[PDB]
Amino acid sequence: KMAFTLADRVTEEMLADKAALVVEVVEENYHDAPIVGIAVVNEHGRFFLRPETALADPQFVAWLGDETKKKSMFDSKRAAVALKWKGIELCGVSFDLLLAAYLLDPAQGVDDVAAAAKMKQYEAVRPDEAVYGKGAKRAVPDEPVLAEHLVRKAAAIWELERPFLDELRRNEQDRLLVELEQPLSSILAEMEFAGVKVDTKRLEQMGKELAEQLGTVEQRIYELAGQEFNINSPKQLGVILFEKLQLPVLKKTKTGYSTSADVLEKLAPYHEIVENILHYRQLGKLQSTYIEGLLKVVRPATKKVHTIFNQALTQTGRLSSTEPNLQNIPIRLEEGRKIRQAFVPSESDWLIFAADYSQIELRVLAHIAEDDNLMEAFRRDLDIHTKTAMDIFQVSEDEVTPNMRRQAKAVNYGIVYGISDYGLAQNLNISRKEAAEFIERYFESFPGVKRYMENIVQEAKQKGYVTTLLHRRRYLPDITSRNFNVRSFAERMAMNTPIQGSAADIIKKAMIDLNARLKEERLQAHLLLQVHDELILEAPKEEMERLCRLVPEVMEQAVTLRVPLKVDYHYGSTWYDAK
DNA sequence: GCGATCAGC
DNA sequence: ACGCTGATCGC
Ligand SMILES: Nc1nc(=O)c2ncn([C@H]3C[C@H](N)[C@@H](COP(=O)(O)OP(=O)(O)OP(=O)(O)O)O3)c2[nH]1
Ligand SMILES: [Ca+2]
């Protein structure tokens, strides 16, 4: 139906200085994945190229790497990384339809060209699922079917760039796309392709020692329960605890008794088996997710793991990290924190450098709410979690433990994000009147925060959405829902999204600024990971002293707020030691 | 596949 | 009955 040239060779008219480009990678994980076809649409026509002809053509490779030849794409990071695995550099991406649709409305869940095209009543293209299938039936179709699908995707991108840019302009988001998300996409592509080196011998020895400790705790549980059972079975466990041992039923799920960690903590005074259960799960969590699961995805020839940072997924603008998730490696408990000893620099005599913001979301809140007391607190560089811990667990600053501060952090962030007296009472194991009066005291000390809570909800009802500092957007249609519970969830999103999202905006700009400074200084230091408010790098030891001065300054100066931004930093021979 | 659960931010 | 995620597991 749609006309195009099924090209046997690369011609000069395929290499214009503006074009829609499709470099199709069907496998969900695009690391070291096959490129199944290429399509180009420009002023001269529409073209399909087999990858073996295009990617071995010296003129096509040069065109791909020429920053002055502008390309419009969908999910350009997927193409850039897959091309890096083919030894080919992609430059000149000036428009990414995936990131443009994400900024316009993250709730659409746009994951292919067809979904983005439907936002502008363009339907001359099929969904990728319709072409490739699902599950064990997923397959690359016959070449004429594949070629037309890629051509139609490129033609869609070619037609949709201007209407998408027009609406982004109206939303004050065109700079958010062109100067933040698209430059970040190339940085993430470099981070993903570089990967993180894994000490595979240390990890396997940890796995062997962990299997022995799992057996000891497992036998102890059976000894305490009288019999043997599947401890990981939600049914069988609830039978032992709440039917055989007759422990109180504090909480139910849609499927039966709840055995979540908070419930098990409250059942500790009744039977010592529940503390062994918690220890068992924590060991099994490390074994299944952070030892076995990590070894599954290590590339054996390089001992590197290559995560994928999903840049167009979260509703607040944060990133997510998949296969493996390198944003939830344990750190709170020492037994789990040792996992980070297996994350090592990719070269000898290099080191891991870690730098994280201190209380960025509360500092963002102070700036946005213009709360006099909260701004004064951060202008003094007060540790507000520690101050809250002093005020919760009635001690002084020298007596605050890591656990008390860990718990005070959830109260500081819980309160500002609409925790109820019920939720606060359940978290601190205190009476509900006491939690209600603590929340009341909090908002009397910070009345500007309370005003912002009320104002941002009214702003959301009037405009239909909320925004971040760099004009990210999230629509909240449920904010005017007649169902109280549905409306309450939307109101807490209006409270939280501008703050979490602004913190995501700030660290994203910090990564762009940092990347530019690193190249300016001609340093070998490069980014490895982002963990929401935290940047992880590796570099030669000869660069550590310069990095200690460069990285915190870049992160602290990414934006200028009414309060200072504060960055802590550490380095060491492993990720574990970088703290 | 989903809901529970738990690791992080 | 604070927010945002992803992986694993048993059902
Ligand atoms: N609703 C909500 N509940 C939370 O329990 C919670 N936890 C962390 N976050 C957000 C706010 C932090 N600003 C940001 C960095 O998460 P982070 O752990 O580093 O918090 P913070 O910097 O203050 O403590 P720190 O000084 O030891 O570094 O992630 C949360 N939001
Ligand atoms: Ca932090």
Side-chain angles (χ1 to χ4, degrees), chain A residues 106 134-135 229-238 251-265 277-278 280-294 296-297 307-310 313-333 335-337 339-340 356-362 365 406 409-427 432 435-436 439 442 453 466 474 484-485 488-501 503-504 507 529-536:
Chain A
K134 179 60 185 182
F229 63 101
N230 190 351
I231 306 170
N232 289 321
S233 171
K235 171 168 298 186
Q236 256 189 120
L237 178 64
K251 176 189 160 197
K252 270 179 155 126
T253 67
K254 306 158 121 181
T255 82
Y257 315 112
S258 172
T259 62
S260 55
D262 65 311
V263 170
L264 270 41
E265 290 179 31
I277 298 290
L278 288 161
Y280 177 87
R281 280 185 184 167
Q282 292 160 8
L283 293 178
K285 184 78 154 181
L286 299 176
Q287 190 75 300
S288 64
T289 299
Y290 299 105
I291 296 187
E292 292 177 358
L294 197 55
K296 278 174 167 53
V297 298
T307 190
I308 288 176
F309 290 106
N310 312 113
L313 186 146
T314 74
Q315 300 304 297
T316 56
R318 310 232 292 199
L319 307 172
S320 72
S321 170
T322 57
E323 201 169 78
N325 183 351
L326 298 180
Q327 293 180 322
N328 68 339
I329 307 299
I331 196 175
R332 297 322 239 206
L333 300 174
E335 266 193 275
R337 183 188 295 149
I339 291 288
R340 293 152 95 104
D356 76 299
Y357 287 104
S358 178
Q359 321 144 110
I360 182 162
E361 288 193 17
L362 287 176
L365 172 61
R406 209 176 283 113
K409 187 192 305 195
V411 172
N412 273 323
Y413 288 114
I415 288 177
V416 304
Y417 294 136
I419 199 177
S420 71
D421 55 8
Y422 177 88
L424 185 62
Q426 293 284 313
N427 296 355
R432 192 160 164 185
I439 297 176
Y442 201 97
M453 298 277 89
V466 297
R474 184 182 190 181
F484 158 85
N485 196 41
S488 295
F489 271 82
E491 287 174 359
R492 290 183 253 108
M493 292 178 180
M495 296 175 180
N496 171 267
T497 289
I499 311 303
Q500 189 186 115
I507 187 166
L529 302 173
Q530 182 258 44
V531 196
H532 305 309
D533 73 329
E534 185 177 80
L535 299 183
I536 315 295

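Below, chain A is the first sequence line, B the second, and so on; all start at residue 1. Only this structure's heavy atoms are used, side chains among them; waters, hydrogens and symmetry mates stay out.
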Taking atom [atom2] of [N] as reference, at what distance in whole Å does atom [atom1] of [X] sit?
{"X": "A:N496", "N": "C:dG3", "atom1": "CG", "atom2": "P", "answer": "8 Å"}
{"X": "A:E491", "N": "C:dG3", "atom1": "CD", "atom2": "P", "answer": "12 Å"}
{"X": "A:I439", "N": "C:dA1", "atom1": "CD1", "atom2": "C1'", "answer": "10 Å"}
{"X": "A:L237", "N": "B:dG3", "atom1": "CG", "atom2": "P", "answer": "21 Å"}
{"X": "A:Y413", "N": "C:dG3", "atom1": "OH", "atom2": "P", "answer": "16 Å"}
{"X": "A:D421", "N": "C:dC2", "atom1": "CG", "atom2": "P", "answer": "9 Å"}
{"X": "A:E292", "N": "C:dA7", "atom1": "CD", "atom2": "P", "answer": "16 Å"}
{"X": "A:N310", "N": "C:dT5", "atom1": "CG", "atom2": "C1'", "answer": "10 Å"}

| Using the sign of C1'-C2'-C3'-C4', would you call the sugar of C:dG10 north or south? |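 With a negative torsion about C1'-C2'-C3'-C4', the sugar belongs to the south class.
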| query | Judged by modelled atom types alone, do A:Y413 and A:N496 share a side-chain donor-acceptor pair under 3.5 Å? | reply |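 Distance-only check fails for A:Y413 and A:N496.
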| said: Main chain of A:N232, side chain of A:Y280: is a donor-acceptor contact present, judged purely on distance under 3.5 Å? | reply: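 No.
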| message | Using the six-membered base ring of C:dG3, report whether A:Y417 stacks on it, requiring centroids under 5.5 Å and planes under 30° apart. | response |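 A:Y417 ring does not meet the centre or angle cut-off for C:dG3; no stack.
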| The side chain of A:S258 lies closest to which of these nucleotides: B:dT5, C:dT5, C:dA7? |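 Among the listed nucleotides, the one closest to the side chain of A:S258 is B:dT5.
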| Which of these nucleotides, C:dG6, C:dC9, C:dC4, is closest to any side-chain atom of A:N328? |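 Among the listed nucleotides, the one closest to the side chain of A:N328 is C:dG6.
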| query | In whole Å, what separates the P atom of C:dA1 from that of B:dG3? | reply |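 The answer is 15 Å between these two P atoms.
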